[PDB]
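curious how this folds, go ahead:
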Amino acid sequence: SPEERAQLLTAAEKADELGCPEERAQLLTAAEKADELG
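Numbering: from 1, shown residues only. What follows is the structure:
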C-alpha cells in the first residue's frame, strides 16, 4: 500500500527524528508493514 507506506514511513522517520522510543517502535514497524501490504 504505497499511500499508507508513504504516511507510515515518513512517520517512522519523524519518530526517529523526534526521538520517541514508544512511538518509533510502532511507526517503524508500520512503515515496513505498509510496504509488505503493498
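
who touches the helix or strand harbouring residue 10?
Assigned by DSSP states H and E, residue 10 belongs to helix 2-18. With Cβ atoms under 8 Å, 6 or more residues apart in numbering as the test, helix 2-18 has contacts from 23, 24, 27, 28, 30, 31, 33, 34, 35, 37, 38. C-beta here means a position set from N, CA and C on the backbone, and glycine is covered the same way.

can you rerun that using 10 Å?
For helix 2-18, the external contacting residues (Cβ atoms under 10 Å, 6 or more residues apart in numbering) are 1, 20-38.

show me what the strand or helix carrying residue 22 packs onto, helices and strands only.
Per DSSP H and E, residue 22 falls inside helix 21-37. When contacts are defined as 3 or more Cβ pairs under 10 Å, 6 or more residues apart in numbering; DSSP states H and E, helix 21-37 packs onto helix 2-18.

tell me the buried residues in the helix it packs on?
By neighbour count on 16 or more other Cβ atoms under 10 Å, the buried set for helix 2-18 is 5, 8, 9, 11, 12, 15.
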